[PDB]
Amino acid sequence: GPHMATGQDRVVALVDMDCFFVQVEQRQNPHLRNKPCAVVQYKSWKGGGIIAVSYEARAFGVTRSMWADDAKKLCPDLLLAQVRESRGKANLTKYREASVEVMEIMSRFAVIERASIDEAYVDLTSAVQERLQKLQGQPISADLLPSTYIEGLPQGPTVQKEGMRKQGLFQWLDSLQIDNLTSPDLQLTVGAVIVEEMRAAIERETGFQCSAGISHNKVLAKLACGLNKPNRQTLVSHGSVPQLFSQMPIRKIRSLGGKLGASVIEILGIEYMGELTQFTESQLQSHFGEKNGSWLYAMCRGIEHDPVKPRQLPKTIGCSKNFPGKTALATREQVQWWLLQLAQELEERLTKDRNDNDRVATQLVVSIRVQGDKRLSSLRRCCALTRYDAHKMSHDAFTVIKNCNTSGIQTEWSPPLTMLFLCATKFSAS
DNA sequence: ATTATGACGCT
DNA sequence: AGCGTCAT
Ligand SMILES: Nc1nc2c(ncn2[C@H]2C[C@H](O)[C@@H](COP(=O)(O)NP(=O)(O)OP(=O)(O)O)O2)c(=O)[nH]1
Ligand SMILES: [Mn+2]
Ligand SMILES: [Mn+2]
C-alpha cells in the first residue's frame, strides 16, 4: 500500500512532428499546403517509394512503404515531392537541418533527448515545479490548454470532436486539487501547459505543427502522443492506465512490436497490455529474461524508469544505399565507385558536424549485404577513422571488406553486393 | 525492388 | 568486436 511506489515522480513529454518531411516540403512550396501530398525517394521504379504522407492523403489510404504509382491509384490527385539526390543517392540534408531548427527551440524549455529526426523526449519535472511556485495555488484555466485531450474523459453523465475534447478537459480541471504542489495529476497538468507553450513556439518560429504526449515516463508519453494526431496533445494520467491498457494490443507499446511482443502473446496466451498484471515478476523474468521481465512487470502497471537522456545530437553519422535486383554491384570498379560516393557524402556531413558541434568521429563502421542474404547486414567491420578524407575512408572501407569477394577474378565481385553502409561512430570532443 | 537511418541489447 | 532487434 503506502510503500508501493507508483512511478509518478517525473513529468515526461514526447513531441513528434506531424508528417515531418511533408511539412518541410509544404513550407518550401506553398502549392503543396493543405493538399493530399507525399514525399518519395527515387522515381524510376514504380514512381518511387513513399516515406511520408499528409493527413489529407492518408484519408485515401496512402501510407509509407507504398510505391507512388500504387498511391496514385488510391488518390489520383496526390501531389509528390522527391527527396534530393546527390552523388547517385538520396540526400536527406534538408530534413536534418529542419530537425535542428525544431530541436533548438525545444531545448529552450528543457533538456531534450533526440529520439529520431523528428521526435524528442522532454523531462519537465523541474520546469513544472517552477511554474507551480509561480502559480501560487492559482487554478489552471482551460484557456491555457486549448489543444489538450485528457485520455479517458469525459466519462459518465457531445456530438462534435472539439466539444468532447472540452467536456473531458472540464471534468479533469474540476477534479484537480491545486493546493497540493506534490499532486501528480496537477504536475502533469502544468506539464501540459508548458507543452502547449513549446508547441506554440515551434509553430510560430518554424511553421511546423506537431503532436505531443504528456505522462510520467517515456513509454506512456509516446503512446499518449499517438492518441490524438495531428496538431493535438494528450495527457495520460497514472489513473487512466488500467482502462487504457485493458484493450491495448501488446504490439502498440514501443519495443513490443516485434519478436518479443509476439512471444509474450504466444507464451502467455494473452492479447492486451493489462492482462500482464496477472503474472508475478518472477514468472515474467522466467519467460523473457531478467531485464525484460522486470520491465514488463512495471510497464503493465504504467511504471517505467528509463531516463530522458541529455542528448540533442545523433550519436552516429551514416550513409547507406541499397542496390536491389539487377543493380547489385558485381565489379571491383563499381564497388569502389559507390564506396567513394558514400564516403564523399560522409566527409561533407562529418566536416559540417565538426564545425557545428565541436567533436570528431574516431571509428568507421563498414556494413555490406550480399545477394541471397535476407539479413539487413551480411557483414560489419570497423576500422580507424583518423582523417575526414573521402578517398582515405573509401580506400579503408574497401580494405576491410575486400576479403568478402569470393571471385577468383580480380575484376569481378561475387557474389554481388546489394547494400553498402558507412557509419562514423565513437565521437570525441575536439 | 522498400529505403535510409538511428538507437540499443547480447555475447 | 561483430551480430541481432526494433523502429519507421
Ligand atoms: N529515409 C527514410 N525516412 C523515413 C522512413 N520512415 C520515416 N522517415 C522519415 C519521414 C517522416 O516524415 C520522418 C518522421 O518519421 P515519423 O514520425 O515515423 N512519420 P511522420 O512524421 O511523417 O508522420 P506522423 O505524423 O504519423 O508522425 O522520418 C524511412 O523508412 N526511410
Ligand atoms: Mn512524426
Ligand atoms: Mn517520429
Side-chain angles (χ1 to χ4, degrees), chain A residues 14 16-17 19-22 38-53 63-71 82-96 99 113-121 218-219 222 226 250-263 288-292 295 306-307 309 311 313-328 338 341-342 345-346 349 363-369 371 373-384 400-401 404 418-427:
Chain A
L14 185 274
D16 180 292
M17 309 307 295
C19 52
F20 183 48
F21 289 16
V22 164
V39 169
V40 79
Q41 332 176 94
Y42 306 115
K43 204 86 199 73
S44 289
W45 194 269
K46 297 178 163 280
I50 292 177
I51 55 171
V53 186
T63 66
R64 96 172 258 283
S65 306
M66 206 175 252
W67 298 114
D69 287 351
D70 300 331
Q82 318 174 231
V83 172
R84 186 185 128 181
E85 169 269 299
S86 300
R87 299 185 227 261
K89 66 179 293 297
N91 189 295
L92 309 174
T93 296
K94 187 196 302 184
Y95 315 104
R96 287 191 187 99
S99 178
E113 181 181 347
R114 180 196 197 269
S116 83
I117 198 166
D118 78 334
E119 83 199 64
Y121 290 96
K218 292 207 294 185
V219 166
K222 170 79 199 173
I250 281 160
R251 67 178 179 276
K252 303 301 187 172
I253 273 55
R254 187 150 143 93
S255 83
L256 300 183
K259 275 146 133 184
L260 173 63
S263 79
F288 311 112
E290 182 177 6
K291 205 174 145 213
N292 287 335
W295 183 86
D306 190 19
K309 285 150 191 221
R311 197 197 30 96
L313 307 173
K315 280 158 146 102
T316 59
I317 295 188
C319 291
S320 71
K321 180 162 177 51
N322 290 358
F323 302 96
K326 275 165 212 90
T327 77
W338 280 110
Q341 299 325 287
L342 284 182
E345 178 185 330
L346 188 57
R349 285 168 59 192
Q363 193 184 53
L364 179 75
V365 178
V366 189
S367 179
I368 72 185
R369 179 177 56 191
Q371 202 153 58
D373 193 346
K374 154 201 177 144
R375 299 178 296 171
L376 174 42
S377 168
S378 295
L379 184 121
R380 249 169 299 190
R381 296 282 197 265
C382 69
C383 70
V400 306
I401 72 164
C404 279
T418 54
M419 179 285 276
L420 300 177
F421 190 358
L422 297 182
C423 169
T425 70
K426 283 144 156 34
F427 283 88

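Residue numbers start from 1 in every chain, and the chains themselves are labelled A, B, ... in the order their sequence lines are given, proteins ahead of strands. The figures here come from the full heavy-atom set of this structure, side chains too, leaving out hydrogens, waters and symmetry mates.
In this structure, A/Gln341 and A/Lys321 have side chains that are not in contact, with every pair of non-hydrogen atoms separated by 4.5 Å or more.
Using a 4.0 Å heavy-atom criterion, one finds that A/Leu379 contacts the sugar-phosphate atoms exclusively. Using a 4.0 Å heavy-atom cutoff across all strands shown, A/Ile317 reaches sugar-phosphate atoms only and no base atom. Heavy atoms of A/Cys423 sit nowhere under 4.0 angstrom from any nucleic acid atom. Using a 4.0 Å heavy-atom criterion, one finds that A/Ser320 contacts the bases of the nucleic acid, with or without backbone contacts as well.
Atoms CZ (A/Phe421) and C1' (B/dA7) sit 11 Å apart, rounded to a whole Å. Across the protein-nucleic acid pair, A/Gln41 atom CD and B/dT2 atom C1' stand 9 Å apart, rounded to whole Å. Rounded to whole angstrom, the span from the NZ atom of A/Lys315 across to the P atom of B/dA7 amounts to 7 Å. In this entry the distance linking CZ of A/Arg114 with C1' of B/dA7 reads 11 Å, nearest Å. We find that CG of A/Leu256 is positioned 12 Å from P of C/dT8, with the value rounded to whole Å. One interatomic measurement links the two molecules: CG of A/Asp69 to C1' of B/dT2, which rounds to 14 Å at whole-angstrom precision. Between A/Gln82 atom CD and B/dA4 atom P the separation is 14 Å, expressed in whole Å. The distance between atom CD of A/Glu85 and atom P of B/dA4, rounded to the nearest whole Å, is 12 Å.
Closest approach of A/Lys89 to A/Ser320, counting heavy atoms only: CE-O, 3.5 Å. In plain terms, the two heavy atoms of A/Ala120 and A/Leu14 that are nearest each other are O-CD2, 3.3 Å.
Side chain to side chain, A/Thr425 and A/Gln363 meet the donor-acceptor criterion of an N or O pair below 3.5 Å.
Distances were taken from every side-chain heavy atom of A/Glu113 (C-beta onward) to each of B/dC8, B/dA4, B/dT5; the shortest belongs to B/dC8. For A/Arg381, the side-chain atoms get nearest to C/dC3 when compared with the rest of B/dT3, C/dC3, B/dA7. Nearest nucleotide to the A/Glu345 side chain, out of C/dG4, B/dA1, B/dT5: B/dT5. Of the candidates B/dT2, B/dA7, B/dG9, the closest approach to any side-chain atom of A/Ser65 belongs to B/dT2. Listed candidates were C/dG4, B/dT2, B/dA4. Nearest to the side chain of A/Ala90 is B/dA4. Minimum atom distance to the side chain of A/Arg349 is reached by B/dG6, of the listed B/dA4, B/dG6, B/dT2. Comparing atom distances between the A/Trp67 side chain and each of C/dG2, B/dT5, B/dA1 picks out B/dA1 as nearest. Picking from C/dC6, B/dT5, B/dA7 the nucleotide with the shortest atom distance to the side chain of A/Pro314 gives B/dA7.
Nearest-nucleotide positions on DNA chain C place A/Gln363 closer to the 5' end than the other of A/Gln363 and A/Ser377. Toward the 5′ end of DNA chain B lies the nearest nucleotide of A/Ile50, the other residue of the pair A/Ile50 and A/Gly318 mapping further downstream.
Interatomic distance, A/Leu376 CG to A/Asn322 CG, rounded to the nearest 0.5 Å: 8.5 Å.
The side chain of A/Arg251 places no N or O atom within less than 4.0 Å of a non-bridging phosphate oxygen (OP1 or OP2) of C/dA7. Taking only side-chain nitrogens and oxygens, A/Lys89 never comes nearer than 4.0 Å to OP1 or OP2 of B/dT3. Between A/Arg254 and the phosphate of C/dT8, there is no side-chain N or O to OP1/OP2 separation shorter than 4.0 Å. Considering only side-chain N and O atoms, A/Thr316 lies under 4.0 angstrom from the phosphate OP1 or OP2 of B/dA7. At the phosphate of B/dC8, OP1 or OP2 sits under 4.0 Å from a side-chain N or O atom of A/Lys309. Residue A/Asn322 has a polar side-chain atom (N or O) positioned under 4.0 Å from OP1 or OP2 of B/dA4. For A/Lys321, no side-chain nitrogen or oxygen approaches OP1 or OP2 of B/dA1 to under 4.0 Å. In this structure, A/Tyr42 reaches the B/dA4 phosphate: one of its side-chain N or O atoms is under 4.0 Å from OP1 or OP2.
Atom CD of A/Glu290 has 12 or fewer neighbouring heavy atoms from other residues, nucleotides or ligands inside a 6.0 Å radius.
Rounded to whole Å, the separation between the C1' atoms of B/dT2 and C/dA7 comes to 15 Å.
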Side chain to side chain contact (heavy atoms under 4.5 Å, CB included) between A/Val53 and A/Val22: does it pass, once the steps are laid out? CA-CA 6 Å; A/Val53 186; A/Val22 164; 5.6 Å; no

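The base of C/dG4 is paired with the side chain of A/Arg380 by a donor and an acceptor separated by under 3.5 Å. The base of C/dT5 has none of its N or O atoms less than 3.5 Å from a complementary donor or acceptor on the side chain of A/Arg375.
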